[PDB]
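Take a look at this single chain in structure tokens; it is the form deposited in one PDB entry.
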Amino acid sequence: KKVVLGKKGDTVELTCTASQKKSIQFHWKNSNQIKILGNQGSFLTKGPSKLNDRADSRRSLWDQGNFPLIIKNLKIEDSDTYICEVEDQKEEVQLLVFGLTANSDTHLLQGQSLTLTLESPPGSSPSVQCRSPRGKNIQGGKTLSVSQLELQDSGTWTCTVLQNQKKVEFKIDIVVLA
């Protein structure tokens, strides 16, 4: 339903607003109906799941009817559909996690080729489109390449991943040396 995009290693906050502003009853589960977190009494309980030590919520907001699921240090494998149920309300949020790495290690010399690769959830793939510090916008799919660099691209580029009308943005600084 709602699509949220996140970046590998960053933290996301998936929202859940219900009615009757009050810490009433709710939980978040994943696609296999594994409960990730929910409220016990007025307490937060986290059962044993792959996200146990990386998930959490903001308890102060429960009185206002908000039950966020927060996930930190994202992994492409946290990509999944999550469901929030408050009393008798269900709310599906699909999280997609991507990563953009530069397989060109370090020390880049003029005339060298740059290759980037986008990491993505096996379940769903997008279109990436980067921009050099001075112009040219190379765009591709899971692998991008800039055949030969010129001292002018030394700088900080910006790639764009776009899934659903959503989008994330990575900015890497590349150093071309004479």
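Heads up, when I say rigid core I mean the largest set of C-alphas that superpose within 1.5 Å between the two forms. Note that residue numbering follows the sequence shown and begins at 1.
Look at the C-alpha B-factors of 61-69 and of 31-39. On average they run higher in 31-39. As recorded in the PDB entry, 119-127 is the stretch of 47-55 and 119-127 with the greater mean C-alpha temperature factor. In the PDB entry, a CA B factor belonging to the highest third of its chain's modelled residues is recorded for residue 165.
Per-chain ranking of the deposited C-alpha B factor places residue 79 in the lowest third. Residue 25: CA B factor in the middle third of modelled residues in this chain (values from the PDB entry). Ranked by C-alpha B-factor against the other modelled residues of its chain, residue 95 falls in the lowest third. Among all modelled residues in its chain, residue 17 ranks in the middle third by Cα B-factor.
There is another form of the same protein, the form deposited in another entry; it is not shown, and what comes next is about it.
Here the two forms are overlaid on the core, and between this form and the one not shown the C-alpha of 46 is the only one among 54, 27, 46, 59 to shift by 2 Å or more. Note: residue 93-residue 41 Cα separation is 3 Å or more shorter in that other deposited form than here. Relative to this form, the distance between the C-alpha atoms of residue 14 and residue 42 is reduced by at least 3 angstroms in that other deposited form.
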